[PDB]
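In: Take these chains first, placed just as they are in the complex:
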Amino acid sequence: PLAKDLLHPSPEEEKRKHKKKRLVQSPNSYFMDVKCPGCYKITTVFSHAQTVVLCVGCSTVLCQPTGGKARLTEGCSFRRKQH
Amino acid sequence: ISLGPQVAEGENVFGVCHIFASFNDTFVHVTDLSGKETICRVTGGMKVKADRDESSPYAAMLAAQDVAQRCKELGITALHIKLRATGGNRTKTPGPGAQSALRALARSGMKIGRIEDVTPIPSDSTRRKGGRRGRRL
Amino acid sequence: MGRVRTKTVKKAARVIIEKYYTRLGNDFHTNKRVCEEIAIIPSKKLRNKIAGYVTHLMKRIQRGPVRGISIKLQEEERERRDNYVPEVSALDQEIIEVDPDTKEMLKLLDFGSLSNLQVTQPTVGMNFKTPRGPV
């Protein structure tokens, strides 16, 4: 392919690329809102959390830090936060 | 009694035959089940007077024939087998006389039980003899 | 043993068979008689050795083509074997097995939604590679 269009890479190859190797850098991580089960408030949690998070009402643990992405405990609903 | 047990015809008496077949010799050695008491030990050295054919199949079959007639004279019918090479750090495969001795034992009016290998197999042996450059022939 | 024909008798027979085909025949003695005049073979032993090889290849070409080529024989081979001439082409299936992936490929092509082809349940397991290494 001598005429690959490096000007406008299609989104599927852009996602396929490494994070630093894209045309413009985009972090793979994101921000999500987690609902503490048996509670009422909504907390902000990193997708690649390195520290254990506990919302004030939910005295139990929310995320377990691991290699790449923190493990959400069962019953926690999550949703993205503006890309 | 009379150089034998009082076993019935239906039952057979079990012995243990160690066949230590190495290079340059072949030991056929019949014992009891525990191996503590020995009945007869014949080796190729006392059957060929050439000093070269001690491990020969011709001497090995003759040695097995002698322990077979001695076992039958002593009233032994069934015979387990324990094949053994030199073992240790040295060669782990049985010598030439193992096959001829085993064939002779079967065909000379004997019964065969279980065959097992009792070769000494080290977890990791000592410094084997020969030198780091081997035996230059 | 030792009756293998040489390249001299073989090649000479191949040339005269292609050049004089309709003149030759299945009879060895007729072949050696025609070879007397259609070619100049100085030896009688070489003459009937050539005739024997001609007779052998005449038996071979009367039931199938060989390395030698005849211009009329090529036309006869193409004139025959026109077809099995089935009443219907082998590729007019009333029903056609079609994968869901190919079905949606036809949909994006816009040539989908035809009665003949039908979608099947795709295979499950995703295992298609041979077990790697020995056994």
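Out: That came through, no problem. Numbers count the residues shown, from 1 in each chain, chains lettered A, B, ... in the order given.
In: Quick one: end-to-end length of stretch B:1-20, please.
Out: The stretch stretch B:1-20 measures 31 Å between its terminal residues, going by CA to CA, to the nearest Å.
In: Distance from the chain centre to that stretch, please.
Out: Between the mean C-alpha location of stretch B:1-20 and the chain-wide mean there is a distance of 17 Å, by CA atoms, centre = their mean, to the nearest Å.
In: Equivalent analysis for stretch B:70-88, please.
Out: Taking CA atoms, centre = their mean, one finds stretch B:70-88 lying 6 Å from the centre of the chain it belongs to.
In: next one: stretch C:127-135
Out: When distances are taken as CA atoms, centre = their mean, stretch C:127-135 is centred 37 Å away from the chain's centroid.
In: before we move on, what about stretch B:76-89?
Out: Counting by CA atoms, centre = their mean, stretch B:76-89 is centred 5 Å from the centre of its parent chain.
In: If you count neighbours, what's buried in it?
Out: Judged by neighbour count using 16 or more other CB atoms under 10 Å in any protein chain shown, the buried positions of stretch B:76-89 are B:76, B:77, B:79, B:80, B:81, B:82, B:83, B:84, B:85, B:86, B:87. Every C-beta, even on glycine, is put in place using the N, C-alpha and C of the backbone.
In: Could you do stretch A:37-47 as well?
Out: By neighbour count, with 16+ other CB under 10 Å as the criterion, the buried positions of stretch A:37-47 are A:43, A:45, A:46, A:47.
In: Which pair of these spans the longest distance?
Out: Largest separation among the buried residues of stretch A:37-47 by CB to CB: A:43 and A:47, giving 13.5 Å.
In: Give me the contacts around stretch B:121-128.
Out: Among residues not part of stretch B:121-128, those counted as contacts by CB atoms under 8 Å, 6 or more residues apart in numbering or on different chains are B:87, B:88, B:89, B:90, B:92.
In: Apart from its chain neighbours, what residue comes closest to the second one?
Out: Computed as CB to CB, 6 or more residues apart in numbering or on different chains, the closest residue to residue B:88 that is not its neighbour in sequence is residue B:120, at 5.0 Å.
In: Check whether the one you found really touches residue B:87, as I assumed.
Out: Yes: when contacts are counted by CB atoms under 8 Å, residue B:120 is listed as touching residue B:87 (3.3 Å).
In: now the sequence for chain D, which goes on the structure above:
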Amino acid sequence: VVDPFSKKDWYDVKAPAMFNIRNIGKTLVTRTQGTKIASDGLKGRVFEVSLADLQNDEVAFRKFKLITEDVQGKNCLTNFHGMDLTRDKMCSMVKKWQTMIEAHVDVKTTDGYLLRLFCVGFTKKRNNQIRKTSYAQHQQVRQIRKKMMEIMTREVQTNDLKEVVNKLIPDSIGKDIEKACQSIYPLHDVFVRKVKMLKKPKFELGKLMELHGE
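Out: So, slotting chain D in with the rest:
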């Protein structure tokens, strides 16, 4: 001058009640003359015998040591001494492109017998396996070994020598390793490769009689 087989006598060796077959075979010994005693010479004889010859329809790749402790008349009663997998079996189980895990425990039986238990296990490639080598990580091997140690010491430390032997006749411990370790790494080639004795509880004859009887 005469062959000593003239004075040798023949005795029958018996088996513990764990096996349905009671007659291993026959041994011989010299008679009781002066300093030498026939009974004393026959003490401590180890009879390497197959479990298949001692059972009806069990496996054939097992051997038992079966040291003799007591003699009464023409019979030589015998108790458990050890178990070993045959060399042919263990060698044919050792394959390539897999991981072998070996463990050893030291357990004091409730009776008083000190026993050393070597257990072996080999990893599994699956039925849909396409990767050539099915290896295990070091931490997985450590977890498998540590779990193996504790679910085989718990099966022996809580039972006497009677129950230990009759439960290793079908090797319920080995199947326990297979069914418990599958949560970490599948195994199929799991067998207690060897058990050996280290101590004995002071040679109580009353225990031997109930061993062969009630």
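In: back to the contacts of stretch B:121-128, now that we've got chain D?
Out: Contacts of stretch B:121-128 (CB under 8 Å, 6+ apart): B:87, B:88, B:89, B:90, B:92, D:87.
In: who's the residue nearest to the spatial centre of chain D bridged to?
Out: For chain D, the residue sitting closest to the mean C-alpha position, by CA atoms, centre = their mean, is residue D:83 at 1.9 Å. Taking DSSP bridges, one finds residue D:64, residue D:195 as the beta-bridge partners of residue D:83.
In: any idea how far residue C:52 is from it?
Out: For residue D:83, the distance to residue C:52 (CB to CB, to the nearest Å) stands at 82 Å.
In: For chain C, list the residues in contact with chain D, please.
Out: Applying the criterion CB under 8 Å from any CB of the partner chain, the portion of chain C that neighbours chain D consists of C:125, C:127, C:129, C:130, C:131, C:132, C:133.
In: Report the contact partners of residue D:5.
Out: If a contact means CB under 8 Å, 6+ apart, then residue D:5 has B:3, B:39, B:74 as its contacts.
In: now the residues you listed: which count as buried?
Out: By the neighbour-count criterion of 16+ other CB under 10 Å, the contacts of residue D:5 include these buried positions: B:39, B:74.
In: quick revisit: just the contacts of stretch B:121-128: which are in helices?
Out: residue D:87 (DSSP state H).
In: Export the contacts of stretch B:121-128 to CSV and append columns for distance to residue D:210.
Out: What follows is the contacts of stretch B:121-128, written out as CSV (distance: CB to CB, whole Å):
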residue, distance to residue D:210
B:87, 41
B:88, 43
B:89, 47
B:90, 48
B:92, 45
D:87, 35
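In: Throw the contacts of stretch B:121-128 into CSV and include distance to chain C, thanks.
Out: Output for those, formatted as CSV (distance: CB to the nearest CB, whole Å):
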residue, distance to chain C
B:87, 31
B:88, 33
B:89, 31
B:90, 31
B:92, 25
D:87, 24
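In: Can you give me the distance of the residue of chain A found nearest chain D to chain B?
Out: Minimum separation of chain A from chain D (CB to the nearest CB) falls at residue A:67, amounting to 14.3 Å. Taking CB to the nearest CB, to the nearest Å as the measure, residue A:67 and chain B are separated by 38 Å.
In: Look up phi and psi at that residue.
Out: phi -50, psi -70 (degrees, to the nearest 10).
In: here's chain E, drop it on:
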Amino acid sequence: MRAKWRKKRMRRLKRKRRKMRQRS
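Out: Chain E now in position relative to the chains above:
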């Protein structure tokens, strides 16, 4: 001559030279 054995020969010659030099 093998290079290693030539090296050993030079070593022995060097030891002779050192001993004679120290002797003087």
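In: now that chain E has been added, could you go back to the contacts of stretch B:121-128?
Out: Stretch B:121-128 is touched from outside by B:87, B:88, B:89, B:90, B:92, D:87, with contacts defined as CB under 8 Å, 6+ apart.
In: Flag every buried residue along it.
Out: Of the residues in stretch B:121-128, none is buried by neighbour count under the rule 16+ other CB under 10 Å.
In: Grab the CA positions of that stretch and hand them over as PDB.
Out: Listed next in PDB are the C-alpha coordinates belonging to stretch B:121-128 (Å, rounded to 0.1, in the frame of the first residue of the first chain):
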ATOM      1  CA  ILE B 121      18.800 -44.000  38.300                       C
ATOM      2  CA  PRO B 122      20.300 -41.000  40.200                       C
ATOM      3  CA  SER B 123      18.600 -37.700  40.700                       C
ATOM      4  CA  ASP B 124      21.900 -36.200  39.700                       C
ATOM      5  CA  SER B 125      25.000 -38.500  39.900                       C
ATOM      6  CA  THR B 126      28.600 -37.800  40.900                       C
ATOM      7  CA  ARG B 127      31.400 -37.000  38.500                       C
ATOM      8  CA  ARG B 128      31.200 -39.800  35.900                       C
END
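In: In JSON lines, list the contacts of stretch B:121-128 along with distance to residue B:9.
Out: Output for those, formatted as JSON lines (distance: CB to CB, whole Å):
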{"residue": "B:87", "distance to residue B:9": "39"}
{"residue": "B:88", "distance to residue B:9": "43"}
{"residue": "B:89", "distance to residue B:9": "48"}
{"residue": "B:90", "distance to residue B:9": "45"}
{"residue": "B:92", "distance to residue B:9": "41"}
{"residue": "D:87", "distance to residue B:9": "34"}
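In: buried sites along stretch B:58-74?
Out: B:59-68, B:70-71, B:74.
In: Relative to the whole chain's centre, how far out is stretch C:83-97?
Out: A distance of 24 Å separates the C-alpha centroid of stretch C:83-97 from that of its chain, computed with CA atoms, centre = their mean.
In: For that stretch, C-alpha coordinates in CSV please.
Out: Below are the C-alpha coordinates for stretch C:83-97, written out as CSV (Å, rounded to 0.1, in the frame of the first residue of the first chain):
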residue,chain,number,x,y,z
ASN,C,83,-20.1,-31.0,-22.3
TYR,C,84,-21.9,-33.3,-20.1
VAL,C,85,-24.8,-31.1,-21.4
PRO,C,86,-27.0,-31.3,-18.2
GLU,C,87,-30.6,-30.2,-18.6
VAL,C,88,-29.9,-27.5,-15.9
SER,C,89,-26.6,-25.8,-14.9
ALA,C,90,-25.0,-27.2,-11.8
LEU,C,91,-25.2,-23.7,-10.3
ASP,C,92,-28.9,-22.9,-10.3
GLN,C,93,-29.7,-24.1,-6.8
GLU,C,94,-33.2,-23.4,-5.7
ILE,C,95,-31.9,-23.0,-2.1
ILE,C,96,-28.4,-21.7,-1.2
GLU,C,97,-26.5,-22.1,2.0
